[PDB]
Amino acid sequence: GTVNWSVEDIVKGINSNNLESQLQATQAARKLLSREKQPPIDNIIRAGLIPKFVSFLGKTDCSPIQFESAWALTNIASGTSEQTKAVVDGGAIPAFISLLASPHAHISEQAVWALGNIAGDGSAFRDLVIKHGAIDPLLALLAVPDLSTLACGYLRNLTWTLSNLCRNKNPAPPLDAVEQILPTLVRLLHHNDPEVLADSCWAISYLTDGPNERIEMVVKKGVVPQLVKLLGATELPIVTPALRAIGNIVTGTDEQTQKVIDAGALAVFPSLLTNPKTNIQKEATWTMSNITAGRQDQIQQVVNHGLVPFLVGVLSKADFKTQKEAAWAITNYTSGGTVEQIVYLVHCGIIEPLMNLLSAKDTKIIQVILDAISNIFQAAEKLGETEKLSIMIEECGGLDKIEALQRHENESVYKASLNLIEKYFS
């Protein structure tokens, strides 16, 4: 008889001095907040029930009311930032951290969920939860020989809460906290459950989004092989975070990019650059562009894996954002590549699609394309072959696009097009 209660009855029951009346009222409140039709969180907050739930969180003798209040506060902290702030202002962080060590698995799981919802609000509440000392109990909950002995849902919730503790920036998670969490996160990254894998991979992608110091921190744990293995997975929820993490890693030093390459990541890109999902193609092309901005030996490893034809294909037909990432990749290739590599580019058939891409409203893509065409023309000069390249660019209908860009609102575009016209077409 706790279904479809009024906030008035719940308030009257909780305000009584009868622990059982309070328990039934809190259960009614939980059921009201556990509905799928927009829970009445604001009504429960305006009634002043959060402090009473926070107090119930500490009644060890009555574990049912602890569980009910934890569920209710978890659902309240799942809403807007203001509702999570109301939960935190009730003093719920320390109460949930204390319940993390409860002998009842369901109560501890609800505490993990509540702390995860709180930390997911932003950097401020995340760092506050970390200051209150939640990392040590959370990791102690996972300190077991084999993770497979834990319940699937419990482990998934723990993984999600940790990933939220690794999330958000400005500021990024504390360095000590990341060092304390990484071992368990890597242990979870090798688990067999797809949801745990996806969440731990998202956490790793979070930790690798930043300065090269954090990327080095993550890479020192030896996760690049596992990340590449997950990159070749069949489930998109696992491939997406893996690709994001690989991309973040290759945005760092050339040595970290080489660590990625040595793990065999390039061998997976033939299918990533042809993935039916647009986001996968876009982020794979972005990763390829960051790889082509590396050393010449890395460009040569890209060439050896036969990925230049796939970039040509992406430039020929793909979403405009993927095509722009491919143009950036080609520009970096030509800017850092050897003459033989810049010639292999044309031998693969880049000129025609790269020229067809010049007839776009986006100005930055035009600047990138014209820089790439300047670099290729310089590579041709270096072999006394500019004339044949010019005839090629004029045959495919590009010269018309180059001379049309001589009039353009942006200045650098028309300046570069005029330079090219007067320097290689006379």
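Residue numbers run from 1 along the displayed sequence.
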Query raised in the report: Which of the two stretches, 17-25 or 410-418, shows the higher mean Cα temperature factor in the record?
Result: 410-418
Report summary line: Between 399-407 and 5-13, the record assigns the higher mean Cα B factor to 399-407
Report summary line: Listed options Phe320, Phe125, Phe96, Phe269: highest C-alpha B factor recorded at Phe320
Query raised in the report: Quick one: which of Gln83, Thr159, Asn75, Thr253 has the biggest Cα B-factor according to the entry?
Result: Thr253
**Report entry** CA B-factor placement of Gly48, once the chain's modelled residues are sorted into thirds
**Finding:** middle
Report summary line: Chain-relative C-alpha B factor for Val54 (record values, thirds): the lowest
Query - Cα B factor band for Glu352 (lowest, middle or highest third within the chain) - result: highest
Report task. Place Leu311 in the lowest, middle or highest third of its chain's C-alpha B-factors, as listed in the PDB entry. Result -> lowest
Query raised in the report: Looking at the C-alpha B-factor of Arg214, is it in the lowest, middle or highest third of its chain?
Result: highest
